[PDB]
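Only one chain is shown below, in structure tokens, and it's the form deposited in one PDB entry.
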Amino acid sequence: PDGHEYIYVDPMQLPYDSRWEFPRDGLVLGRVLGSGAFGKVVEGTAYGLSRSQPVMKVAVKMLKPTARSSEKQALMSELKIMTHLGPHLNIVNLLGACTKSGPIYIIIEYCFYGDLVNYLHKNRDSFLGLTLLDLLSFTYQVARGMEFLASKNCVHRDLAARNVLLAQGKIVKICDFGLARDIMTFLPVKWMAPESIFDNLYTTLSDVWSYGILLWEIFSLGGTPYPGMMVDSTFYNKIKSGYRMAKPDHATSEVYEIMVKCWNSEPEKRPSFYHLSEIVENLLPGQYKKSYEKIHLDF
């Protein structure tokens, strides 16, 4: 800090804009989309949330009655981050919330095709329909969305294929900001950088490590990272020594080269999400680049 005049703007301290508030009785709760020990996401129908769509399908993140304060305070914090983030094409964007007079409801875009893990398991036989160019489009859009998070000093801390969703028009959207921290329990260690596991250090650079693991998931068509390996003292010794995963079945040399850079042991030698977007842009048609900025512009 150059002087006392220059303050860090903490999103937790910022007031809640009531333009996000949506009446609880304009919301119909439908089938479960995801579930946990003390929380769940359900499908919903929102009446009067959008002028363009007076009756529009959405998804609703909510806690179970089993939840007990610790998860309740965090769900409120997850809402503060999403309100201060602003919108982006490749983020499941916040639509509204039910914060008054009862449990917290977070209302987000519904994504037609679901998570990338199950989406690729379905389309395995289609692969050799779903092409390799599709996987590169998924790879590129995640890099743009993480570039957006990093530009807002937002560390996702749980980037993976399960938290990447596919919406209408094959538009990739990153979801689940429950672990998201503004820079300065049970953990997804197989997606975590060594300095995260060992030194509790989470940066945008440790997201890049997780981006590498996500890349492996995509080009293994939904495979389990480090398959057959239990996470134990020997696993931590291999990760720390320098063990990496072998190239998956369908990735090219250029694509495996990206994972290798993402898994560099020195966090500062890993590439930026800006440079990662530039690299993947080469590996795609030029029609794609103009086709993306037109979608990004209209949004």
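Residue numbers run from 1 along the displayed sequence. Basically, rigid core = biggest C-alpha set you can superpose within 1.5 Å across the two forms.
Residue-level annotation: residue 293 has coordinates in all of the other entries compared, counting only those that model residues on either side of it, so it never reaches the one-third mark. Unmodelled residues of the deposited sequence between neighbouring positions residue 128 and residue 129 number 10 or more.
The mean C-alpha temperature factor is higher for 248 to 256 when 53 to 61 and 248 to 256 are set side by side. Taking only CA atoms, the mean B-factor in the PDB entry is higher for 277 to 285 than for the other of 9 to 17 and 277 to 285. Reading the B-factor column for the CA atoms of 134, 109, 195, 207 in the entry, the top value corresponds to 134. Comparing the listed residues 224, 123, 151, 83, the entry records the largest Cα B-factor for 123. In this PDB entry, residue 66 carries a Cα temperature factor that places it within the highest third of its chain's modelled residues. Among all modelled residues in this chain, the alpha-carbon of residue 36 has a temperature factor (C-alpha) in the highest third. In this PDB entry, residue 76 carries a Cα temperature factor that places it within the highest third of its chain's modelled residues. Looking at the C-alpha B-factors along this chain, the one for residue 88 belongs to the middle third. Among the modelled residues of the chain, residue 117 sits in the middle third by CA temperature factor in this PDB entry.
A second form of this protein, the form deposited in another entry, is not displayed here; the remarks below concern that form.
After superposition on the rigid core, the Cα atom of residue 216 is displaced by less than 2 Å between this form and the one not shown. In this overlay on the rigid core, residue 10 has a C-alpha that sits 2 Å or more away from its partner position between this form and the one not shown. The Cα shift for residue 178 between this form and the one not shown, taken after rigid core superposition, is 2 angstroms or larger. Compared with the form shown here, the Cα atoms of residue 206 and residue 6 move at least 3 Å closer together in the other entry. Between residue 41 and residue 179, the Cα spacing is smaller in the other entry than in the shown form, differing by no less than 3 Å.
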